[PDB]
Ligand SMILES: [Sm+3]
Ligand SMILES: [Sm+3]
């Protein structure tokens, strides 16, 4: 029954004392217990926990990142919350404080003495040095960045700096013999405050800090008018306009632990009660977010409202978020590397057959596109979220989540629709596709009204054509959320494998991977679903009219198909009517949005431009399609895009997810969520807040 005490990793004599007072205040409270291990730095604290020598340490963004790097695998368990001047947050602005009349503009920093909180943290280093990178003249990765900055500022006070090799980086540090440049509250200038003083005492001319710092020691407006903000555009404004003025915005500091056996469950209890037993003015016997006049920021960041518990799928990268990981990694990749990465495009494949495919496209384009894959649509969405990946094709069903995660649909898949297949596609308004209800005419007693407890084949859950529309419908008639209970059994990969919904699925040829949601599941997607009913594994196939068409009457030359015939298939129609496969126009459940590639709005454009190129060299009329590669072709296997894709088009202004899918569906979908919820939709829920 008992569960251990949280080992908290301190960093200087200061921290312990504080940690101390906490542990005891804690027990005096009859709350989960604590303890303090003792090392010398945040970087150290990391390793310690790594080797289960301890369990937690509140970390800076910059440090979180390192903490997540391979060997250690640390996770932002909890997040602090601060000022904002109004509505509380987990994001903070990174600035530059200089004394009125110092003159120099941010682009002029060469020659100035500068202050820094410590090595590698956001506000003081990560953000700043990257900004000024364009004036460093530093070979890149091969040549130590320390020497750069070293030689960029006349001298300075860099905590954790390797002042032996680059003494200039700790010159300014006012610290005793070895306390000098120490990487803890033993160095007076270490930390936000730290830096501010380093500027206040005239040591430096520019401090890189937290947006609240200044107000965090200048209680009197007057004093506050003595200083300013170096805005990235080259002007200077007042300390309280960080809002416009700032080098960057960066995510909150966080309580980190182990990828595995972190004891998350003990940590969060500790902090939760802590907010509650000694946070914002609750008692007077102790104060979490209160530190000595000697040193600030002990254990947590001073005057932090409190914490928020991060959801678990969140692993650092993500926590950070794109914008930050790129630049952070940017300070350790060559310019070349850099510009390289900016000009290309990494596509995110789901499943092997696809990666293969992405591999082709790669070699065919001469690397203008490269590849990033994984086992689940979710998965490739995250990757874009993290920045290992730029983009991929989504179906409206994933559009919705992607959109929830802040991504935007760039180009649309436009079928060789029918009117006039001239370069109309490009401008042609995406006209949609019909999700139909399919079964064996053979089996006619059957209707839409009959599907209670029968066999169903779904292309994928969380997808439109199949899942979304029908279940949504069924949701409208059953008044109940037990999706697995409706059809006797089912085939719908990405469902819980030990459920009926993944009952009728066949895993790859060697029957492995039952229910995964990708092409190995021979019953996955459009085709796979049509066959699941074809091989009669089930009775009702939720798919697109077109679907049937593509594999019957000798279309797909695959055995299971081969002798399939249009006439053999009937459409269930919303009024109990059944029709042949052609009357779809009047025999469908509804109209689905065409699929849509997507990425971070950021690259929105460049994404568009090279794909447009790629599509002029390899899609519908690809001068080289039947020749050395066809982007839009994949052996009735739908690799990357639908096999009938004429091309990809302009969204006719639909630029926000809602716009593209439209209110209704969107609403249709948000209704279902009342039934269920996914991991990533949740994740984002907290990140985008
Ligand atoms: Sm910081
Ligand atoms: Sm689809």
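Brief remarks follow.
- Length-normalised contact order of the chain in % [C-alpha pairs under 8 Å, at least 6 apart]: 13
- Peptide ranges 390-401, 420-431 listed from the most packed, as the mean C-beta count within 10 angstrom indicates: 390-401, 420-431
- Principal-axis analysis of the Cα atoms of the chain puts helix 469-478 at an angle of about 80° to the longest axis.
- Segment 433-592: relative contact order in percent, alpha carbon pairs under 8 Å with at least 6 residues between: 31
- Space enclosed by the convex hull of the alpha-carbon atoms of the chain, per residue, Å³: 181
- In degrees, nearest ten, helix 264-278 long axis to first principal axis of the chain (Cα): 50
- Residues residue 143 and residue 499, FRET efficiency given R0 of 45 Å [Cβ-Cβ distance, rounded to 0.05]: 0.20
- Here the average projected area of the convex hull drawn through the C-alpha atoms of segment 163-256 stands at 7.8 nm².
- Separation of alpha-carbon centers, segment 364-380 and segment 22-77, rounded to whole Å: 36
- Paramagnetic reach from residue 136 in segment 175-215 [backbone N under 17 Å; point 7 Å along Cα→Cβ]: 208
- Taking other Cβ atoms within 10 Å as a rough exposure proxy, 376, 176 sort from fewest to most as 176, 376.
- Computed from Cα atoms, the angle from the helix 13-29 axis to the main principal axis of the chain rounds to 70 degrees.
- When segment 556-689 is reduced to its Cα atoms, the Kirkwood hydrodynamic radius in Å: 18.9
- Cα gyration tensor shape of segment 222-370, rounded if a/c is under 1.5, else prolate or oblate by comparing a/b with b/c: oblate
- Scattering curve values for segment 630-689, log₁₀ I(q)/I(0), Debye with Cα scatterers, q = 0.14, 0.25, 0.26, 0.30 Å⁻¹: -0.70, -0.97, -0.98, -1.08
- Binning the C-alpha pair distances of segment 508-598 at 5 Å intervals from 0 yields a P(r) profile of 3, 13, 21, 24, 18, 14, 7, 2, 0 %, listed from the shortest bin outward.
- Net length gained if the chain between residue 577 and residue 673 were fully extended (0.36 nm per residue, minus Cα distance): 31.6 nm
- Segment 267-354: C-alpha gyration tensor shape, a/c 1.5 cut-off, then a/b vs b/c: oblate
- The base-10 log of I(q)/I(0) for segment 93-209, evaluated at q = 0.11, 0.17, 0.19, 0.21 Å⁻¹, reads -0.29, -0.72, -0.91, -1.12 [Debye formula, identical scatterers on Cα atoms, solvent excluded].
- Added length on full extension, which subtracts the Cα-Cα distance from 0.36 nm per residue, residue 560 to residue 343: 73.7 nm
- Here the peptides 95-103, 641-649 are ranked by packing, the mean other Cβ count within 10 Å, and the order with the highest first is 641-649, 95-103.
- Computing FRET efficiency as 1/(1 + (r/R0)^6) for residue 223 and residue 108, where r is the C-beta to C-beta distance and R0 is 25 Å, gives about 0.45.
- Counting Cα-Cα pairs of segment 12-99 in 10 Å increments starting at 0 gives whole-percent bin shares of 14, 35, 36, 14, 2.
- In this label model, residue 688 and residue 332 are separated by 3.0 nm, measuring between points 7 Å along each Cα→Cβ vector.
- As a rough guide to protection, the peptides 662-673, 143-154 ranked by mean Cβ packing within 10 Å, highest first, stand as 143-154, 662-673.
- Short-range pairs are left out: with C-alpha atoms under 8 Å and at least six residues apart, the relative contact order of segment 92-250 is 35 percent.
- Across segment 7-53, counting alpha-carbon atoms alone, Rg and Dmax equal 11.2, 32 Å.
- Radius, Kirkwood style, for segment 433-592 when every pair of distinct Cα atoms is counted (Å): 15.2
- Rounded to 0.05, the FRET efficiency of the residue 151 and residue 509 pair, given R0 = 35 Å and the Cβ-Cβ distance, is 0.05.
- Over the chain: helical MRE at 222 nm, DSSP H runs n ≥ 4 each giving -39500 (n - 2.57), nearest 500: -8500 deg cm²/dmol
Using ideal geometry, Cβ is built from the backbone for each residue, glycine included, and neighbour counts are taken over all protein chains shown. Readers should treat all values here as calculations from the given coordinates under stated rules, not as data from a laboratory.
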